[PDB]
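Let me begin by presenting the structure, written as structure tokens, before commenting on it.
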Amino acid sequence: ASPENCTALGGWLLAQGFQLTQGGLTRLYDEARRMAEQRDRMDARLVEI
Amino acid sequence: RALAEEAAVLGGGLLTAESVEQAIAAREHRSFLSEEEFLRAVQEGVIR
């Protein structure tokens, strides 16, 4: 869980064809971290995201 | 021979001590998924 990882996830979502904002991307990142149930680890399951 | 092949690939065909050490480290780290998961679990406290 790092800002670089958040930027990479946002870029991947943009490449997928979606339009995302900073708040929405941050909320997705926090929700992914919550789903992994680990403070410093975000969920790598990109299908669910 | 497989380890020497990996060391040559990582060192551009030359088996230096650095190349062989890097090859050994990469071989160990390739099979480190379970170790990484266990270590991050114990660091978070999932397994105390």
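Naming scheme: A, B, ... for chains in displayed order of the structure tokens; residues 1 onward per chain; ligands 1 onward as shown.
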Write out as a PyMOL selection string which residues come within 10 Å of stretch 36-45 of chain B when counting only C-alpha atoms, dropping same-chain ones fewer than 2 positions away. (chain A and resi 37-41) or (chain B and resi 29+31-34+47-48)
Which residues are close to residue B:2, i.e. within 12 Å by only C-alpha atoms, leaving aside same-chain residues fewer than 4 positions away? Reply as an NGL selection string. :B and (6-9 or 20 or 23-24 or 27)
Could you give me, as a PDB file with C-alpha atoms, in the first residue's frame, the residues within 12 Å of residue A:25, counting only C-alpha atoms and dropping anything in the same chain fewer than 3 positions from it?
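Below is the file part-v1.pdb, written as the result:
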ATOM      1  CA  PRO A   3       0.994   6.188  -3.269  1.00  0.00           C
ATOM      2  CA  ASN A   5       0.670   1.694  -6.106  1.00  0.00           C
ATOM      3  CA  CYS A   6      -2.384   3.974  -5.996  1.00  0.00           C
ATOM      4  CA  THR A   7      -1.121   5.850  -9.059  1.00  0.00           C
ATOM      5  CA  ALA A   8      -0.471   2.558 -10.863  1.00  0.00           C
ATOM      6  CA  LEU A   9      -3.995   1.352 -10.056  1.00  0.00           C
ATOM      7  CA  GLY A  10      -5.456   4.642 -11.279  1.00  0.00           C
ATOM      8  CA  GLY A  11      -3.497   4.402 -14.511  1.00  0.00           C
ATOM      9  CA  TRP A  12      -4.671   0.820 -14.987  1.00  0.00           C
ATOM     10  CA  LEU A  13      -8.290   1.875 -14.442  1.00  0.00           C
ATOM     11  CA  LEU A  14      -7.831   4.700 -16.956  1.00  0.00           C
ATOM     12  CA  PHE A  18     -12.955   4.240 -17.097  1.00  0.00           C
ATOM     13  CA  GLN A  19     -13.070   7.879 -16.002  1.00  0.00           C
ATOM     14  CA  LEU A  20     -11.990   8.297 -12.385  1.00  0.00           C
ATOM     15  CA  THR A  21     -11.398  11.146  -9.946  1.00  0.00           C
ATOM     16  CA  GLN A  22      -8.862  11.509  -7.150  1.00  0.00           C
ATOM     17  CA  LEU A  28     -11.266   2.424  -4.211  1.00  0.00           C
ATOM     18  CA  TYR A  29      -7.728   2.136  -2.814  1.00  0.00           C
ATOM     19  CA  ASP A  30      -8.965   2.324   0.785  1.00  0.00           C
ATOM     20  CA  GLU A  31     -11.741  -0.198   0.094  1.00  0.00           C
ATOM     21  CA  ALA A  32      -9.216  -2.572  -1.487  1.00  0.00           C
ATOM     22  CA  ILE A  49     -11.881  -4.098  -7.990  1.00  0.00           C
TER      23      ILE A  49
END
Rounded to one decimal place, report the atom CA of residue B:28-atom CA of residue A:1 distance in Å. 24.2 Å
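Distance-wise, atom CA of residue A:43 and atom CA of residue B:26 end up 24.8 Å apart.
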